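Asks: File follows, data-v7.csv with CSV, N, CA and C atoms:
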```csv
chain,number,residue,atom,x,y,z
R,14,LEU,N,0.8,-1.2,0.0
R,14,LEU,CA,0.0,0.0,0.0
R,14,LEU,C,0.9,1.3,0.0
R,15,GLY,N,1.7,1.4,-1.0
R,15,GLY,CA,2.5,2.6,-1.3
R,15,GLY,C,1.8,3.6,-2.2
R,16,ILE,N,0.9,4.4,-1.6
R,16,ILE,CA,0.1,5.3,-2.4
R,16,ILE,C,0.3,6.8,-2.0
R,17,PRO,N,0.7,7.6,-3.0
R,17,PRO,CA,0.8,9.1,-2.8
R,17,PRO,C,-0.5,9.7,-2.4
R,18,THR,N,-0.4,10.9,-1.7
R,18,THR,CA,-1.6,11.6,-1.2
R,18,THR,C,-1.5,13.1,-1.4
R,19,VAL,N,-2.6,13.8,-1.5
R,19,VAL,CA,-2.7,15.2,-1.5
R,19,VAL,C,-3.7,15.7,-0.5
R,20,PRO,N,-3.3,16.7,0.3
R,20,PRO,CA,-4.2,17.2,1.3
R,20,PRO,C,-5.3,18.1,0.7
R,21,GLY,N,-6.5,18.0,1.3
R,21,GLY,CA,-7.6,18.8,0.9
R,21,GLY,C,-8.6,18.9,2.0
R,22,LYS,N,-9.6,19.7,1.8
R,22,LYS,CA,-10.7,19.9,2.8
R,22,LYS,C,-12.0,20.3,2.1
R,23,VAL,N,-13.1,19.9,2.7
R,23,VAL,CA,-14.4,20.2,2.2
R,23,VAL,C,-15.3,20.6,3.4
R,24,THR,N,-16.2,21.6,3.2
R,24,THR,CA,-17.2,22.1,4.2
R,24,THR,C,-18.5,21.5,3.8
R,25,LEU,N,-19.1,20.6,4.6
R,25,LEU,CA,-20.3,19.9,4.4
R,25,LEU,C,-21.4,20.4,5.3
R,26,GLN,N,-22.6,20.6,4.8
R,26,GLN,CA,-23.7,20.9,5.7
R,26,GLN,C,-24.2,19.6,6.3
R,27,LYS,N,-24.7,19.7,7.6
R,27,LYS,CA,-25.3,18.5,8.2
R,27,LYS,C,-26.7,18.4,7.6
R,28,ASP,N,-27.2,17.1,7.4
R,28,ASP,CA,-28.5,16.9,7.0
R,28,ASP,C,-29.5,17.0,8.2
R,29,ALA,N,-30.8,16.7,8.0
R,29,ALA,CA,-31.8,16.9,9.1
R,29,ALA,C,-31.5,15.9,10.3
R,30,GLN,N,-30.8,14.8,10.0
R,30,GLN,CA,-30.5,13.9,11.1
R,30,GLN,C,-29.1,14.1,11.7
R,31,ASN,N,-28.5,15.2,11.4
R,31,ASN,CA,-27.1,15.6,11.8
R,31,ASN,C,-26.1,14.6,11.3
R,32,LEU,N,-26.3,14.2,10.0
R,32,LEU,CA,-25.3,13.3,9.3
R,32,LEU,C,-24.7,14.1,8.2
R,33,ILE,N,-23.4,13.8,8.0
R,33,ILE,CA,-22.7,14.2,6.7
R,33,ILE,C,-22.8,13.1,5.7
R,34,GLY,N,-22.8,11.9,6.1
R,34,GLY,CA,-22.9,10.7,5.2
R,34,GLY,C,-21.7,9.9,4.9
R,35,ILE,N,-20.8,9.8,5.9
R,35,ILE,CA,-19.6,8.9,5.7
R,35,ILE,C,-19.4,8.0,6.9
R,36,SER,N,-18.8,6.9,6.7
R,36,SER,CA,-18.2,6.0,7.7
R,36,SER,C,-16.7,6.2,7.8
R,37,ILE,N,-16.2,6.3,9.0
R,37,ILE,CA,-14.8,6.4,9.2
R,37,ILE,C,-14.2,5.3,10.1
R,38,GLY,N,-13.0,4.8,9.8
R,38,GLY,CA,-12.4,3.7,10.5
R,38,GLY,C,-11.2,3.1,9.8
R,39,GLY,N,-11.2,1.8,9.8
R,39,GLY,CA,-10.1,1.0,9.2
R,39,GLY,C,-10.1,-0.4,9.7
R,40,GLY,N,-9.0,-1.1,9.6
R,40,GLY,CA,-8.8,-2.5,10.0
R,40,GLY,C,-8.8,-2.6,11.5
R,41,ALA,N,-8.9,-3.9,11.9
R,41,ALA,CA,-8.8,-4.2,13.3
R,41,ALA,C,-7.4,-4.0,13.8
R,42,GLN,N,-6.4,-4.2,13.0
R,42,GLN,CA,-5.0,-4.0,13.4
R,42,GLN,C,-4.7,-2.6,13.7
R,43,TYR,N,-3.7,-2.3,14.5
R,43,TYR,CA,-3.3,-0.9,14.8
R,43,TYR,C,-3.0,-0.2,13.5
R,44,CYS,N,-3.5,1.1,13.4
R,44,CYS,CA,-3.2,2.0,12.4
R,44,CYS,C,-3.2,3.4,13.0
R,45,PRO,N,-2.2,4.2,12.7
R,45,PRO,CA,-2.2,5.6,13.3
R,45,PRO,C,-3.0,6.6,12.4
R,46,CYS,N,-3.6,6.1,11.3
R,46,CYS,CA,-4.4,6.8,10.4
R,46,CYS,C,-5.8,6.3,10.3
R,47,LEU,N,-6.7,7.2,9.9
R,47,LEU,CA,-8.1,6.9,9.9
R,47,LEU,C,-8.6,7.1,8.4
R,48,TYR,N,-9.5,6.3,8.0
R,48,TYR,CA,-10.0,6.3,6.6
R,48,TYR,C,-11.5,6.4,6.5
R,49,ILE,N,-11.9,7.1,5.4
R,49,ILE,CA,-13.3,7.0,5.0
R,49,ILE,C,-13.6,5.6,4.4
R,50,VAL,N,-14.5,4.9,5.0
R,50,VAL,CA,-14.8,3.5,4.8
R,50,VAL,C,-16.0,3.3,3.8
R,51,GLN,N,-16.9,4.3,3.9
R,51,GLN,CA,-18.1,4.2,3.1
R,51,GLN,C,-18.7,5.7,2.9
R,52,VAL,N,-19.1,6.0,1.7
R,52,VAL,CA,-19.9,7.2,1.5
R,52,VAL,C,-21.3,6.7,1.1
R,53,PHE,N,-22.3,7.2,1.9
R,53,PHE,CA,-23.7,6.8,1.8
R,53,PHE,C,-24.4,7.7,0.8
R,54,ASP,N,-25.3,7.1,0.0
R,54,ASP,CA,-26.1,7.7,-1.1
R,54,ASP,C,-26.9,8.9,-0.5
R,55,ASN,N,-27.1,9.9,-1.3
R,55,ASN,CA,-28.0,11.0,-1.1
R,55,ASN,C,-27.8,11.9,0.1
R,56,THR,N,-26.6,11.7,0.7
R,56,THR,CA,-26.2,12.5,1.9
R,56,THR,C,-25.3,13.7,1.4
R,57,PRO,N,-25.1,14.7,2.3
R,57,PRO,CA,-24.2,15.8,1.9
R,57,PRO,C,-22.9,15.4,1.3
R,58,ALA,N,-22.2,14.4,1.9
R,58,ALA,CA,-21.0,13.9,1.4
R,58,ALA,C,-21.0,13.4,0.0
R,59,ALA,N,-22.0,12.6,-0.3
R,59,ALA,CA,-22.2,12.0,-1.7
R,59,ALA,C,-22.5,13.1,-2.7
R,60,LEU,N,-23.5,14.0,-2.4
R,60,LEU,CA,-23.9,15.0,-3.4
R,60,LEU,C,-22.8,16.0,-3.7
R,61,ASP,N,-22.0,16.3,-2.7
R,61,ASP,CA,-20.8,17.2,-2.8
R,61,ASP,C,-19.8,16.5,-3.8
R,62,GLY,N,-19.5,15.2,-3.6
R,62,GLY,CA,-18.8,14.4,-4.5
R,62,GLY,C,-17.2,14.5,-4.3
R,63,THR,N,-16.8,15.3,-3.4
R,63,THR,CA,-15.3,15.4,-3.2
R,63,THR,C,-14.7,14.2,-2.6
R,64,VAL,N,-15.2,13.7,-1.5
R,64,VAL,CA,-14.6,12.6,-0.8
R,64,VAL,C,-15.1,11.2,-1.3
R,65,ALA,N,-14.3,10.2,-1.0
R,65,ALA,CA,-14.6,8.8,-1.4
R,65,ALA,C,-14.0,7.8,-0.5
R,66,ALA,N,-14.6,6.6,-0.5
R,66,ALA,CA,-14.0,5.5,0.3
R,66,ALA,C,-12.5,5.3,-0.1
R,67,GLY,N,-11.7,5.2,1.0
R,67,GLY,CA,-10.2,5.0,0.8
R,67,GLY,C,-9.5,6.3,1.1
R,68,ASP,N,-10.2,7.5,1.1
R,68,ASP,CA,-9.5,8.7,1.5
R,68,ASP,C,-9.2,8.7,3.0
R,69,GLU,N,-8.1,9.3,3.3
R,69,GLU,CA,-7.7,9.4,4.7
R,69,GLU,C,-8.4,10.6,5.4
R,70,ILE,N,-9.0,10.5,6.5
R,70,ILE,CA,-9.5,11.6,7.2
R,70,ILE,C,-8.5,12.1,8.2
R,71,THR,N,-8.1,13.4,8.2
R,71,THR,CA,-7.0,13.9,8.9
R,71,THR,C,-7.3,14.9,10.0
R,72,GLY,N,-8.4,15.6,9.8
R,72,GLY,CA,-8.8,16.7,10.7
R,72,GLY,C,-10.3,17.1,10.6
R,73,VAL,N,-10.6,18.0,11.5
R,73,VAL,CA,-12.0,18.6,11.6
R,73,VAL,C,-11.8,20.1,12.0
R,74,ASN,N,-12.4,21.0,11.2
R,74,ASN,CA,-12.4,22.4,11.6
R,74,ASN,C,-11.0,22.9,12.0
R,75,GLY,N,-10.0,22.7,11.3
R,75,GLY,CA,-8.6,23.1,11.6
R,75,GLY,C,-7.9,22.5,12.7
R,76,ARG,N,-8.4,21.3,13.2
R,76,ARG,CA,-7.8,20.5,14.2
R,76,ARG,C,-7.5,19.1,13.7
R,77,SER,N,-6.2,18.7,13.9
R,77,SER,CA,-5.8,17.4,13.5
R,77,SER,C,-6.5,16.4,14.5
R,78,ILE,N,-6.9,15.2,13.9
R,78,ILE,CA,-7.5,14.2,14.7
R,78,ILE,C,-6.6,13.0,15.1
R,79,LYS,N,-5.3,13.2,14.8
R,79,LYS,CA,-4.3,12.2,15.0
R,79,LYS,C,-4.2,11.9,16.5
R,80,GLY,N,-4.1,10.6,16.8
R,80,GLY,CA,-4.1,10.1,18.1
R,80,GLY,C,-5.4,9.9,18.8
R,81,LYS,N,-6.5,10.1,18.0
R,81,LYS,CA,-7.9,10.0,18.5
R,81,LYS,C,-8.5,8.7,17.9
R,82,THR,N,-9.4,8.1,18.7
R,82,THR,CA,-10.1,6.9,18.3
R,82,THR,C,-11.2,7.4,17.3
R,83,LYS,N,-11.7,6.4,16.5
R,83,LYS,CA,-12.8,6.7,15.6
R,83,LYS,C,-14.1,7.2,16.3
R,84,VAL,N,-14.3,6.7,17.5
R,84,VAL,CA,-15.4,7.1,18.3
R,84,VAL,C,-15.3,8.6,18.7
R,85,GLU,N,-14.1,8.9,19.2
R,85,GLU,CA,-13.7,10.3,19.5
R,85,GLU,C,-13.9,11.3,18.4
R,86,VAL,N,-13.5,10.9,17.2
R,86,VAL,CA,-13.6,11.7,16.0
R,86,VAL,C,-15.1,11.9,15.6
R,87,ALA,N,-15.8,10.8,15.6
R,87,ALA,CA,-17.2,10.8,15.3
R,87,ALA,C,-18.0,11.7,16.3
R,88,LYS,N,-17.7,11.5,17.6
R,88,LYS,CA,-18.3,12.4,18.6
R,88,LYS,C,-18.0,13.9,18.3
R,89,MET,N,-16.8,14.2,17.9
R,89,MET,CA,-16.3,15.5,17.5
R,89,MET,C,-17.2,16.1,16.4
R,90,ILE,N,-17.3,15.3,15.3
R,90,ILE,CA,-18.1,15.6,14.1
R,90,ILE,C,-19.6,15.8,14.5
R,91,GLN,N,-20.1,14.9,15.2
R,91,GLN,CA,-21.5,14.9,15.7
R,91,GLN,C,-21.9,16.1,16.5
R,92,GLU,N,-20.9,16.6,17.3
R,92,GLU,CA,-21.1,17.8,18.1
R,92,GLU,C,-21.0,19.2,17.4
R,93,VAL,N,-20.5,19.1,16.2
R,93,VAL,CA,-20.5,20.3,15.3
R,93,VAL,C,-21.8,20.5,14.7
R,94,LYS,N,-22.5,21.6,14.8
R,94,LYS,CA,-23.9,21.8,14.4
R,94,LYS,C,-23.9,22.5,13.0
R,95,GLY,N,-24.9,22.1,12.2
R,95,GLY,CA,-25.2,22.8,10.9
R,95,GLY,C,-24.2,22.5,9.8
R,96,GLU,N,-22.9,22.6,10.1
R,96,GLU,CA,-21.9,22.7,9.1
R,96,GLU,C,-20.5,22.2,9.7
R,97,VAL,N,-19.8,21.4,8.9
R,97,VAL,CA,-18.5,20.9,9.4
R,97,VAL,C,-17.4,20.8,8.2
R,98,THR,N,-16.2,21.2,8.6
R,98,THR,CA,-15.1,21.1,7.6
R,98,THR,C,-14.3,19.9,7.9
R,99,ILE,N,-14.3,19.0,6.9
R,99,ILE,CA,-13.5,17.7,6.9
R,99,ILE,C,-12.2,17.9,6.2
R,100,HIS,N,-11.1,17.6,6.9
R,100,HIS,CA,-9.8,17.6,6.2
R,100,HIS,C,-9.4,16.2,5.9
R,101,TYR,N,-8.8,16.0,4.7
R,101,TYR,CA,-8.6,14.7,4.2
R,101,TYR,C,-7.3,14.6,3.3
R,102,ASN,N,-6.8,13.4,3.2
R,102,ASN,CA,-5.8,13.1,2.1
R,102,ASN,C,-6.5,12.3,1.1
R,103,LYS,N,-6.4,12.7,-0.2
R,103,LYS,CA,-6.9,11.9,-1.3
R,103,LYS,C,-5.8,11.0,-1.7
R,104,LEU,N,-6.1,9.7,-1.7
R,104,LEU,CA,-5.2,8.6,-2.1
R,104,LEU,C,-5.2,8.5,-3.6
R,105,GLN,N,-4.0,8.6,-4.2
R,105,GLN,CA,-3.8,8.6,-5.7
R,105,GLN,C,-3.7,7.1,-6.2
R,106,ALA,N,-4.9,6.5,-6.2
R,106,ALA,CA,-5.0,5.1,-6.6
R,106,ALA,C,-6.3,4.9,-7.3
R,107,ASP,N,-6.4,3.7,-8.0
R,107,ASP,CA,-7.7,3.3,-8.6
R,107,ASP,C,-8.8,3.4,-7.5
R,108,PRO,N,-9.8,4.3,-7.7
R,108,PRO,CA,-10.8,4.5,-6.7
R,108,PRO,C,-11.7,3.3,-6.4
R,109,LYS,N,-11.9,2.5,-7.4
R,109,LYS,CA,-12.7,1.3,-7.3
R,109,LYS,C,-12.0,0.2,-6.5
R,110,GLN,N,-10.7,0.1,-6.6
R,110,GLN,CA,-9.9,-0.8,-5.8
R,110,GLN,C,-9.8,-0.3,-4.3
R,111,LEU,N,-9.8,1.0,-4.1
R,111,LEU,CA,-9.9,1.5,-2.8
R,111,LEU,C,-11.2,1.2,-2.1
R,112,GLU,N,-12.3,1.4,-2.8
R,112,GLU,CA,-13.7,1.0,-2.3
R,112,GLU,C,-13.7,-0.4,-1.9
R,113,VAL,N,-13.4,-1.3,-2.8
R,113,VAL,CA,-13.3,-2.8,-2.5
R,113,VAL,C,-12.5,-3.1,-1.2
R,114,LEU,N,-11.3,-2.5,-1.2
R,114,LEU,CA,-10.4,-2.7,-0.1
R,114,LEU,C,-11.1,-2.4,1.3
R,115,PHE,N,-11.6,-1.2,1.4
R,115,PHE,CA,-12.3,-0.8,2.7
R,115,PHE,C,-13.7,-1.4,2.8
R,116,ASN,N,-14.1,-2.2,1.8
R,116,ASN,CA,-15.4,-3.0,1.9
R,116,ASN,C,-15.1,-4.3,2.7
R,117,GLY,N,-13.8,-4.6,2.9
R,117,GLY,CA,-13.4,-5.9,3.4
R,117,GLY,C,-13.8,-6.3,4.8
R,118,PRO,N,-13.7,-7.6,5.1
R,118,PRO,CA,-14.0,-8.2,6.4
R,118,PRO,C,-13.1,-7.6,7.5
R,119,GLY,N,-13.7,-7.4,8.7
R,119,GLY,CA,-13.0,-6.9,9.8
R,119,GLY,C,-12.8,-5.4,9.9
R,120,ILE,N,-13.4,-4.7,8.9
R,120,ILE,CA,-13.3,-3.3,8.9
R,120,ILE,C,-14.3,-2.8,10.0
R,121,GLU,N,-13.8,-1.9,10.9
R,121,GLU,CA,-14.6,-1.3,11.9
R,121,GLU,C,-14.8,0.2,11.6
R,122,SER,N,-16.0,0.7,11.8
R,122,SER,CA,-16.2,2.1,11.4
R,122,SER,C,-17.4,2.7,12.1
R,123,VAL,N,-17.4,4.0,12.3
R,123,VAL,CA,-18.5,4.7,12.8
R,123,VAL,C,-19.1,5.6,11.8
R,124,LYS,N,-20.5,5.5,11.6
R,124,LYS,CA,-21.2,6.4,10.7
R,124,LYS,C,-21.5,7.7,11.3
R,125,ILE,N,-21.1,8.8,10.5
R,125,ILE,CA,-21.5,10.2,11.0
R,125,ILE,C,-21.9,11.1,9.8
```
Translate the structure of the given file into C-alpha cells.

Replies:
Amino acid sequence: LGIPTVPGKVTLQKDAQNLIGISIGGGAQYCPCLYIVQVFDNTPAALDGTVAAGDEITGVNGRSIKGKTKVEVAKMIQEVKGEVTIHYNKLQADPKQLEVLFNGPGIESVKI
C-alpha cells in the first residue's frame, strides 16, 4: 500500500439527522491513520462528490484528529452543528480498488 496523497478539505452541511454521510475507521489491526470506509447515497458527502472510500480523514475544523479513536472523531463531528469542515488526504490510486479494499471483512467504522 504505497500510495501518494494530496491534502484537501471540504465544508459539508449537516442533514436533518445531523449526518454528513460517511463512515470512518479502518482495519482491526493498529493504524495511526483513519480512513473513510463508506460514502452513503443522497447525503451531503455524496452530493458534494469530493470525498470517497479510501480517502484518509486527517482533521476537523482546523484541528488534527491524530491520536484519536474513531469514536472520539465521530463524537467531535456529531457535536459540530449545521456545518463541518472535513480535512482529508486523497489517495492517488484506482478509486474502485480503494472502495473494495475498505469494503473488506473486519473493517470497523462509525457512521457520521

Asks: Tell me which of R:107, R:92, R:112, R:54 sits closest to residue 67 of chain R, counting all atoms listed in the file.

Replies: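 Ranking R:107, R:92, R:112, R:54 by distance to residue 67 of chain R, first place goes to R:112.
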
Asks: Pick out the closest residue to residue 19 of chain R from this set: R:105, R:98, R:110, R:116. Count all atoms listed in the file.

Replies: R:105

Asks: Using all atoms listed in the file, can you list as a ChimeraX atom specification the residues within 5 Å of (-10.9, 6.7, 3.3)?

Replies: /R:48-50,66-69

Asks: Identify, with DSSP run on backbone atoms, the residues in chain R assigned to strand (DSSP E), and express the list as a PyMOL selection string.

Replies: chain R and resi 18-26+35-39+47-52+69-73+76-77+96-104+121-124

Asks: Go through segment 19-123 of chain R and collect every residue that DSSP, computed from the backbone, puts in alpha helix (DSSP H); the answer should be as a list in words.

Replies: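 Alpha helix (DSSP H) members of segment 19-123 of chain R, listed: residues 57, 58, 59, 60, 61, 83, 84, 85, 86, 87, 88, 89, 90, 91, 92, 108, 109, 110, 111, 112, 113 and 114 of chain R.
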
Asks: Could those selected residues go to a file with N, CA and C atoms, as a CSV table (one decimal), in the frame of the given file?

Replies:
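Final file, result-v9.csv:
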```csv
chain,number,residue,atom,x,y,z
R,57,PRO,N,-25.1,14.7,2.3
R,57,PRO,CA,-24.2,15.8,1.9
R,57,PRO,C,-22.9,15.4,1.3
R,58,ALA,N,-22.2,14.4,1.9
R,58,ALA,CA,-21.0,13.9,1.4
R,58,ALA,C,-21.0,13.4,0.0
R,59,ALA,N,-22.0,12.6,-0.3
R,59,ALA,CA,-22.2,12.0,-1.7
R,59,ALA,C,-22.5,13.1,-2.7
R,60,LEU,N,-23.5,14.0,-2.4
R,60,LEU,CA,-23.9,15.0,-3.4
R,60,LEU,C,-22.8,16.0,-3.7
R,61,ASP,N,-22.0,16.3,-2.7
R,61,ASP,CA,-20.8,17.2,-2.8
R,61,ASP,C,-19.8,16.5,-3.8
R,83,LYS,N,-11.7,6.4,16.5
R,83,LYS,CA,-12.8,6.7,15.6
R,83,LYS,C,-14.1,7.2,16.3
R,84,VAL,N,-14.3,6.7,17.5
R,84,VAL,CA,-15.4,7.1,18.3
R,84,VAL,C,-15.3,8.6,18.7
R,85,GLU,N,-14.1,8.9,19.2
R,85,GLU,CA,-13.7,10.3,19.5
R,85,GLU,C,-13.9,11.3,18.4
R,86,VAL,N,-13.5,10.9,17.2
R,86,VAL,CA,-13.6,11.7,16.0
R,86,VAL,C,-15.1,11.9,15.6
R,87,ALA,N,-15.8,10.8,15.6
R,87,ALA,CA,-17.2,10.8,15.3
R,87,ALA,C,-18.0,11.7,16.3
R,88,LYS,N,-17.7,11.5,17.6
R,88,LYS,CA,-18.3,12.4,18.6
R,88,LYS,C,-18.0,13.9,18.3
R,89,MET,N,-16.8,14.2,17.9
R,89,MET,CA,-16.3,15.5,17.5
R,89,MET,C,-17.2,16.1,16.4
R,90,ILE,N,-17.3,15.3,15.3
R,90,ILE,CA,-18.1,15.6,14.1
R,90,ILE,C,-19.6,15.8,14.5
R,91,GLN,N,-20.1,14.9,15.2
R,91,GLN,CA,-21.5,14.9,15.7
R,91,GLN,C,-21.9,16.1,16.5
R,92,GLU,N,-20.9,16.6,17.3
R,92,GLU,CA,-21.1,17.8,18.1
R,92,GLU,C,-21.0,19.2,17.4
R,108,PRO,N,-9.8,4.3,-7.7
R,108,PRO,CA,-10.8,4.5,-6.7
R,108,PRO,C,-11.7,3.3,-6.4
R,109,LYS,N,-11.9,2.5,-7.4
R,109,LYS,CA,-12.7,1.3,-7.3
R,109,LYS,C,-12.0,0.2,-6.5
R,110,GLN,N,-10.7,0.1,-6.6
R,110,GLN,CA,-9.9,-0.8,-5.8
R,110,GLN,C,-9.8,-0.3,-4.3
R,111,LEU,N,-9.8,1.0,-4.1
R,111,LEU,CA,-9.9,1.5,-2.8
R,111,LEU,C,-11.2,1.2,-2.1
R,112,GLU,N,-12.3,1.4,-2.8
R,112,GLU,CA,-13.7,1.0,-2.3
R,112,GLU,C,-13.7,-0.4,-1.9
R,113,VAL,N,-13.4,-1.3,-2.8
R,113,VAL,CA,-13.3,-2.8,-2.5
R,113,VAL,C,-12.5,-3.1,-1.2
R,114,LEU,N,-11.3,-2.5,-1.2
R,114,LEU,CA,-10.4,-2.7,-0.1
R,114,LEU,C,-11.1,-2.4,1.3
```

Asks: So which one's closest to residue 52 of chain R, R:34, R:118, R:39, R:75? Using only N, CA and C atoms, please.

Replies: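 Of the candidates, the smallest distance to residue 52 of chain R is held by R:34.
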
Asks: To one decimal place, how far is atom CA of residue 21 of chain R from atom CA of residue 104 of chain R in Å?

Replies: 10.9 Å

Asks: Calculate how many Å separate atom C of residue 87 of chain R from atom CA of residue 53 of chain R, rounding to one decimal.

Replies: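 Between these atoms lies a distance of 16.3 Å.
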
Asks: Residue 85 of chain R: which residues within 12 Å, counting only C-alpha atoms, same-chain residues fewer than 2 positions away excluded, as a list in words?

Replies: residues 37, 38, 47, 72, 73, 78, 79, 80, 81, 82, 83, 87, 88, 89, 90, 91, 92, 122, 123 and 125 of chain R

Asks: Give me a file of those residues, with N, CA and C atoms, as a PDB file, keeping the file's coordinate frame.

Replies:
```pdb
ATOM      1  N   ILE R  37     -16.200   6.300   9.000  1.00  0.00           N
ATOM      2  CA  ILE R  37     -14.800   6.400   9.200  1.00  0.00           C
ATOM      3  C   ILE R  37     -14.200   5.300  10.100  1.00  0.00           C
ATOM      4  N   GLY R  38     -13.000   4.800   9.800  1.00  0.00           N
ATOM      5  CA  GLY R  38     -12.400   3.700  10.500  1.00  0.00           C
ATOM      6  C   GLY R  38     -11.200   3.100   9.800  1.00  0.00           C
ATOM      7  N   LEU R  47      -6.700   7.200   9.900  1.00  0.00           N
ATOM      8  CA  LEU R  47      -8.100   6.900   9.900  1.00  0.00           C
ATOM      9  C   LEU R  47      -8.600   7.100   8.400  1.00  0.00           C
ATOM     10  N   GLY R  72      -8.400  15.600   9.800  1.00  0.00           N
ATOM     11  CA  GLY R  72      -8.800  16.700  10.700  1.00  0.00           C
ATOM     12  C   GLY R  72     -10.300  17.100  10.600  1.00  0.00           C
ATOM     13  N   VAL R  73     -10.600  18.000  11.500  1.00  0.00           N
ATOM     14  CA  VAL R  73     -12.000  18.600  11.600  1.00  0.00           C
ATOM     15  C   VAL R  73     -11.800  20.100  12.000  1.00  0.00           C
ATOM     16  N   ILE R  78      -6.900  15.200  13.900  1.00  0.00           N
ATOM     17  CA  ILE R  78      -7.500  14.200  14.700  1.00  0.00           C
ATOM     18  C   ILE R  78      -6.600  13.000  15.100  1.00  0.00           C
ATOM     19  N   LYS R  79      -5.300  13.200  14.800  1.00  0.00           N
ATOM     20  CA  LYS R  79      -4.300  12.200  15.000  1.00  0.00           C
ATOM     21  C   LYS R  79      -4.200  11.900  16.500  1.00  0.00           C
ATOM     22  N   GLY R  80      -4.100  10.600  16.800  1.00  0.00           N
ATOM     23  CA  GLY R  80      -4.100  10.100  18.100  1.00  0.00           C
ATOM     24  C   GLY R  80      -5.400   9.900  18.800  1.00  0.00           C
ATOM     25  N   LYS R  81      -6.500  10.100  18.000  1.00  0.00           N
ATOM     26  CA  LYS R  81      -7.900  10.000  18.500  1.00  0.00           C
ATOM     27  C   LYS R  81      -8.500   8.700  17.900  1.00  0.00           C
ATOM     28  N   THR R  82      -9.400   8.100  18.700  1.00  0.00           N
ATOM     29  CA  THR R  82     -10.100   6.900  18.300  1.00  0.00           C
ATOM     30  C   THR R  82     -11.200   7.400  17.300  1.00  0.00           C
ATOM     31  N   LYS R  83     -11.700   6.400  16.500  1.00  0.00           N
ATOM     32  CA  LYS R  83     -12.800   6.700  15.600  1.00  0.00           C
ATOM     33  C   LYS R  83     -14.100   7.200  16.300  1.00  0.00           C
ATOM     34  N   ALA R  87     -15.800  10.800  15.600  1.00  0.00           N
ATOM     35  CA  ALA R  87     -17.200  10.800  15.300  1.00  0.00           C
ATOM     36  C   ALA R  87     -18.000  11.700  16.300  1.00  0.00           C
ATOM     37  N   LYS R  88     -17.700  11.500  17.600  1.00  0.00           N
ATOM     38  CA  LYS R  88     -18.300  12.400  18.600  1.00  0.00           C
ATOM     39  C   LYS R  88     -18.000  13.900  18.300  1.00  0.00           C
ATOM     40  N   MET R  89     -16.800  14.200  17.900  1.00  0.00           N
ATOM     41  CA  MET R  89     -16.300  15.500  17.500  1.00  0.00           C
ATOM     42  C   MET R  89     -17.200  16.100  16.400  1.00  0.00           C
ATOM     43  N   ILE R  90     -17.300  15.300  15.300  1.00  0.00           N
ATOM     44  CA  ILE R  90     -18.100  15.600  14.100  1.00  0.00           C
ATOM     45  C   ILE R  90     -19.600  15.800  14.500  1.00  0.00           C
ATOM     46  N   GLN R  91     -20.100  14.900  15.200  1.00  0.00           N
ATOM     47  CA  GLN R  91     -21.500  14.900  15.700  1.00  0.00           C
ATOM     48  C   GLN R  91     -21.900  16.100  16.500  1.00  0.00           C
ATOM     49  N   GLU R  92     -20.900  16.600  17.300  1.00  0.00           N
ATOM     50  CA  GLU R  92     -21.100  17.800  18.100  1.00  0.00           C
ATOM     51  C   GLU R  92     -21.000  19.200  17.400  1.00  0.00           C
ATOM     52  N   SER R 122     -16.000   0.700  11.800  1.00  0.00           N
ATOM     53  CA  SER R 122     -16.200   2.100  11.400  1.00  0.00           C
ATOM     54  C   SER R 122     -17.400   2.700  12.100  1.00  0.00           C
ATOM     55  N   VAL R 123     -17.400   4.000  12.300  1.00  0.00           N
ATOM     56  CA  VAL R 123     -18.500   4.700  12.800  1.00  0.00           C
ATOM     57  C   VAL R 123     -19.100   5.600  11.800  1.00  0.00           C
ATOM     58  N   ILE R 125     -21.100   8.800  10.500  1.00  0.00           N
ATOM     59  CA  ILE R 125     -21.500  10.200  11.000  1.00  0.00           C
ATOM     60  C   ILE R 125     -21.900  11.100   9.800  1.00  0.00           C
TER      61      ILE R 125
END
```

Asks: So what do you get for atom CA of residue 109 of chain R versus atom C of residue 65 of chain R, distance-wise?

Replies: 9.5 Å
